Every structure is written in C-alpha cells, then in structure tokens.
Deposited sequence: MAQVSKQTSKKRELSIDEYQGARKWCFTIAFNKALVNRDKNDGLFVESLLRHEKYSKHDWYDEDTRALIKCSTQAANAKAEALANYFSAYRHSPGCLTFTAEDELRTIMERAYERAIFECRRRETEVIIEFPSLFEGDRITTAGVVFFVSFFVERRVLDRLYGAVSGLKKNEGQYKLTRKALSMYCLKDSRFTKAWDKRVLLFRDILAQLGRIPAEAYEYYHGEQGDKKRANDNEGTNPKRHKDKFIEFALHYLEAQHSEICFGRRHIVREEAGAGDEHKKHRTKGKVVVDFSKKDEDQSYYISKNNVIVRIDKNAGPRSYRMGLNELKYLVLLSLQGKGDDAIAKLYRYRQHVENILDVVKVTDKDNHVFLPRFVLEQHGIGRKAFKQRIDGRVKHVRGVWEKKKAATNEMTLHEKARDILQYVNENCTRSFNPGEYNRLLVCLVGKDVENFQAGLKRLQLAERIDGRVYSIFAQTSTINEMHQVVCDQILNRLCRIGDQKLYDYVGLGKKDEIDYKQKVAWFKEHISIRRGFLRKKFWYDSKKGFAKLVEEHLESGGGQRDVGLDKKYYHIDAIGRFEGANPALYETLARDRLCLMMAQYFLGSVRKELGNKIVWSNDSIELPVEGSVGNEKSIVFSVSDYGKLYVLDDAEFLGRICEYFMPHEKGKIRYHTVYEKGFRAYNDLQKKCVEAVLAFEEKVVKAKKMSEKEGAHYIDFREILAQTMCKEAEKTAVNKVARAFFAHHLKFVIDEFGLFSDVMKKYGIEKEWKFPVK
C-alpha cells in the first residue's frame, strides 16, 4: 500500500510508537523474552520447539539495535534511507516466521474460518507495514497497539478476514494491566512473612482456645516453631554490604568421618545458615582485612532494630573496633579497671589471682547439684522416654567397667535395651562377666529386674547410696573435681585470641545510655512515631492473659513474643518497598495501603494511593517527579486522596492528545523549512530567534520525544508563536487545562 511512497508528514504515528518502545526498553530489557515466552513461562506446556526455544534464549540484546535503527529511520525525513531493507539471511527473520506460524496455527485451532490467508509476508528484502507492526507488537502494550492498528494503517479495513488478522498480530502482545512479576525472591519473602505472622502462639493457644483434650493446622493454626533469626539474617544481608554470615555444608577411630565445616561461600542456594542454640557467626570485611565474631540473639535483635532507625552502619563500625580493644586489655590485665575486667573470661583472671574460689565451696556446690539432678531423675522414672532411660542405665555399667567400652559394641547394646529384650542384655552381661570386663556385682543386681523402670530405679538407688557414703577421694573422682591440668598457659591464650565473643548487652550501653525504657517500650515508640502505623492482625486477647496475674504464670513469655513480632512487621515492608529504586523512599505506609505524598499546597492533599498489588510493577507505573508534574499541569481542581486509576485515566489521555498534535505540527514545520532553505537542531540554529529561544524549542520537542516533561511554562508560548510565524497554527489548549 505505497509503503515506500508513504513519506513526509503523512506518516508520523509510528514516531510516537517507537518513542514509547524506547522508554519501555529502558524500563526492562527482558520484555522481549517475556513476550516471546508469554504462553510457556507460567504454564505447564510449551508449544515452542526445543530448537526454537534455544534460538529465542540465545537471541538477546541484538534485536534492540534493529529496533533503534528502525526508529531513527521512521523518525526523520532527512536521513537514514537504507535502514528499512533487511537481508533474509538474518536469524531474527527466522524466529519471526516461526512465531508467526505458531500463532496462525493457534488461531486456526479456532475452526471458524480457513478460506483466506492472513497477510504478514515481507516482499523479499523489503518489509511491509505488516512486518513493522508485528515487530512493534513486542515492547508495547495492548492499547497502543490497537491505536496503531487504527485507521492510520490500511489493514484496519473490516472484512471477514479482519478479525483473524486482529487476533494473530495481537497474540504476543501484553495487556497494560498488572502482569505483575511474581517469582522475585523479595515478594516470596514478604508473602510468607505475613502468612507466618498470622498465627496463634502456642502457649496462648494452650489455654484460650485450649481444649481439655487434644483441628491441628486446619482452622486456626498454631506456630510450632519461631523463625525470627532466619528473616533477620536475610534482612541484614540485604541492607548492608560488608556482613555475610557463615553457612554449613556436608561433604566427604574418628578419622575422615564427615564433619560439618563452617564456610562463607555464597555460591549455593541450598546452603542453610549455622544456628546452634541461638548463636551465629558474622564476617566484617573492610579496609585492611577480614575479621569475624560470634554473637547471640540478644546482640542480634538490638542491631536489627538499630538499622531501621538509620544509624545502623555506624554501629557496624564499632564492631570492627572491638577486637583491637580486647588486645589492649590482654597487656594490662593487672593494670586495667573493672569495666575491662568484665570483658575477659574467667580463666584469664584466675591466673592473676583475682576470683579464686575455695575448694570446699566448690565441693559443696557440685555435690548438692548432682544429688538434686539424680533425685529428680528418680521421680521422673515413668515420664522419661526410652532414649534417655537407656543411656542412663548404660552409663552406670560403662562407668563400673574397668575397660572403656568399644564404640561399636555400644550400638548393639543400646538396640537390645530399647528393644525391650532384657534377655539379650543379661546375655551380654554374662558374656562380659566371664572375661571379667565388668564386676559380678552388677550382674547379680541386674538379673532380678525384668522391666526398664525396675532397672532404672535399682541404678538410681545405687547411685544415691554411693553419693550418701562419707567423704573420700573416690567422691572427688566420681564428681570430677580430681582431674589435673597439664596444658601451658600460652597455648590457651593463643586459642582465646583466635576465638573471641561479644559481651552480653554491649550495644545497649553505647547509645541508649539514658534510657529507662525496656525493649517493648523502645520498639513501640518507634512503631508509633516513625511510621509503622499498624499493629499485628492478632487481637490483644491472645498476647495477654487476664485471669492470671501479670507477672505470675506464663505471661512473661508472650509479652516478649509480641515485642519481637512487631519488629518482624517492619522488616516485611522493606522487602516490598525496595522493589523500585527511584521512588519508594518518600512512600509512607498506612493501614494496608501505600501512599505517595505530593506537597502541592502547604496543606498536603495531593497524596496518591496504591494497593499492595498495584505497587507491584505493572506496565502503567513510572517514575516519581513526572507524577507531580502531570498533576500540577493537568487536572488541578481535584483535591484529596486520589486513587491512582483516576490519574491514569485522566492525565495520560490529555498528554497523548497534546503530544500527537504537537509532534505532527513540528514535523510539518521541519519539512517546510527544509524545502524553503534550498538534524541536531540545525533548523532552529538557522532561525533568527535568540539562542535561548532555540534551546527552548528544541527542549520542548525533545521533552515530548522522551515522554517526560520538565519545561517551564513560558517555553510553550514561544514554541506556539514561532510555529505560527511559518504560517501553520493549531490550538492544543495546554495551559490551565
């Protein structure tokens, strides 16, 4: 349809389409892959062949150059004549044919019409408008593609074949609706954190909804375990760069047996952190060299809280200093003061003579503790599990035996005891008695008993009797105070220097010195003031018990579980608000919404409102200051909180209607001035207008070209009058619109 003849001002609608394609490419380069993989990525089956899939995956970043080249040719009448023609040798021409064939086959699966072939062929090296619209189908949304499919293109003419042509070209296009990116890591963290935070604590579930006898996870779940540490470590890694915690892996007498090794490699996703009784290992790498420490939960929660206030990084610096200070103390142990005294462990201080304890007090402390443990075990006979009882009974036999039991023999005896086959135990005792490994007294005392409870009671009686016997050196041997020390001091000091740990409560004294408030008050004040502006979904019924006294009962536990849980809430926000880099810092959270405030008047009413799903990067979303500008210049009357859909449906239409009429006029002016005269603002430079006015007109043109507006108000009037000078005038009602 005179595709080559179509030139000059008669064809300008492609210009804005390619300008939009450029800004879409700037937002995301992967849109090409997404459009090519629309039906396969989130679905079970792929109609693409393996070779076609390999071609699509390998073909990346080359197509955008071709798109940019075509945009330049369509943009200007002056230059770039040979861009349109392309060789059939190109692989892009192969993948286009494959995709078009698959799409037309899918449309033919609709068996309504097969009579007429849909035209999409490119004649030899040249490409028709069908090829151009098919190519620009990628990188754009549905509505712009429909507008370009309008009467501007000659294909729009309605026939019986028209509907199938509309479907085939639009097959690989993406709707301007959300199409939210959902497989990102941060979103999958946020959803699970919220879901787990919506669960009943165990202790409160035991009573409030507690049943006299006890569905399960069915209706109102119970959180069996707490996962505060896993989320806190993820947040700490995400926020800062230096910190990377240790991780554990498994790979492969007591020789060459597989033993877990703590390593700091981040290559494998399967690696899980190393937490054993609420201890972690941290790495601080900066400046001269790496360093490391181990920390408890108490110093972890304070740092996690400190980061959110915005002072976190400085705190990390203090950790870097800590080790050095300890070194100084090791030189001045005798000289230094009490504050440095609390830093060093016991054995270091004991050598200098400080903290020595009398032997008799040690004996008295040890013996009563051991006797209390053993008398508790006596009352706990039936309650304990078989695993504990078997070890308890075997301990007496192994202690009585003169020769240390072989590790291999231990397992079979443990299996025999746990199997309730006490006869095998008796047989083993008889076998060991003959060689005299074990005393015959144990065999005599064990023979009568027939149940594990009876044997446990017998053993407890013997242990209590032997503890009851008068003081002797055998008592010291049995309690373990008799052992001597044969290791030099220097090796122990070297080991201690190799392995250091942080004092408990170190962070709290440094900054919150004057504070009288506890943990909960400190969390709650920042939650109310800094802008959490939310509370956990659970009612205060579960987190407190009214009947029992406040201090009495299990209430001291739950009152803390709330105080930490609030912190978790804030962390979840950081995993969603950080999706966008440009905005997301000015964003303010409020009651399950996300609001972006625009000052405007001194009274703030120009705020815009997103939902959680809307903030997920739909194609409609953009940068920050452009929103304020489009609100200022267009639709001034509306005030108050505005749903983003209203701005989307109002401002963008006015912007497009203005821009099309502006660009067509400027192109016509360029053509006319080029004809009258007989790139890079050469015409505007030729104009007798002032250089400031040249800058104004080219700035106004390039602003509408780049889809962002930053020009001042006065420039548009100058552009209007200079355009009027050439004799072509049209009114767009831009100001006070």
Numbering the deposited sequence from 1, which residue ranges have no coordinates here? 1-13, 228-232, 271-280, 707-716
